[PDB]
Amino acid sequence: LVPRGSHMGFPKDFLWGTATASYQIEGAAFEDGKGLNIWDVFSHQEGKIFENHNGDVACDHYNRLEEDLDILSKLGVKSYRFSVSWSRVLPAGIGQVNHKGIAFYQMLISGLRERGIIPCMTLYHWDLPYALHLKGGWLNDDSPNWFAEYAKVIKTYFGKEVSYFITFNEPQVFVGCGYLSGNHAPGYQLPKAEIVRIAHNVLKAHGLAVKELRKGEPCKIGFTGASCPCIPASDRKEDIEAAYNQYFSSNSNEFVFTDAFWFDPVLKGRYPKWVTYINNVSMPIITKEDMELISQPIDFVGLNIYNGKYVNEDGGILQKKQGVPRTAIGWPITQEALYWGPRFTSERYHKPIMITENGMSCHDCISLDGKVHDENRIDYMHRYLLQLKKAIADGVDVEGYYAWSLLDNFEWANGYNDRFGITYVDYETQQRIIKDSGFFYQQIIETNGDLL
């Protein structure tokens, strides 16, 4: 990388954001003609979620939109990253549009523009329409075309007022956990060949969606991966190099959760070399036309980084420190991940990066004083943002940072047992209480991070 220098710090037009996802916050899962999604069915299956929690109601954000928009303004957030519920706008996934569904996102986007908050719209954050699941979901050859139709509808109704789109959130997770480990919807444990087939169809879906998002008003399009940065043992050149190689490595026994497996097709138009020699029963035919479609020009790379892994000089994973600082969900705190992650991604692909998620699960409660004190989240945020500022100094093009999450919400298989919000939600009353971290982040934005 070519350095930029410290002086400026964070860019003047840096998107200080917060992120949510449809299923995690919206509720009203069976209202206003919305079609079932795979998480509605998965979450209602005995044993799949922590204490059989589900997203039926969640934060009831569908009905409390106004209140949450006021929290965004109050905090002084520049950008709001959210996902559209495919099944809310297209109950069957294709064909008939649901106007009540469109109306909701319309009211959200008007509320955002009225408050001068830049919409960042995730098209797919895991809530596959159930009707499409009944037709084989991402195993179906037509799944790219289904997604394209959805993309077209998105652009049609929201292309006017929304200029930031992300096609897919974390294919590593929704394919890996959804279809390999089976812990996420729809809860399958499929063979390698089918994982490759699904990947291939998700990536082609991405291409077609990009094309659909290009028709009409100009906009910035992104793709978000789950990233677990390899943190080098030292600043020695060989150690950095080993961490870089390990970070972008993949093989037929361990690919679905990697960066390279997804980002190489998107950005370089090629899978990792190993893919070409796989001959397993039922492998998809991967063509040159496929790879051109997949690698449509996009504007930014989205990184979801929560933590990384310390590697040795040779790129092997170092044993975790005893009593290493950790979060409420069990993950370690590794501040340098928000340096090395963006750095290596910039070095490899030479693209603008947005941190589409960064946040911490904390055992938050309402204290006797009626407030929610989350110093651990503040320290986490403080530490991670310093590392991201260092990455910008060393010449990484970073255009935005999105705190996960605006609200405590339904954390997938962990239910409501993990609170990631800068805003606390009491689920008995649906009361919002802004946490200390919320005000901390507000001050950062107002000072554009100059005082970190």
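From 1 onward, residues are counted along the sequence shown.
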Of the two stretches 37-45 and 383-391, which shows the higher Cα B-factor on average in the entry? 383-391
Ranked by mean Cα B-factor in the entry, 204-212 and 171-179, top stretch is 204-212
Entry record, C-alpha B-factors for 133, 220, 125, 184; the maximum is at 220
Per the deposited entry, the peak Cα B-factor within the set 366, 256, 139, 337 goes to 366
Split the chain's modelled residues into thirds by Cα B-factor; residue 433 lands in the middle
Place residue 143 in the lowest, middle or highest third of its chain's C-alpha B-factors, as listed in the PDB entry. lowest
Lowest, middle or highest third of the chain for the C-alpha temperature factor of residue 349? middle
In terms of the chain's CA B-factor thirds, is residue 150 lowest, middle or highest? middle
Going by the recorded CA B-factors, say which third of the chain residue 156 sits in, lowest, middle or highest. highest
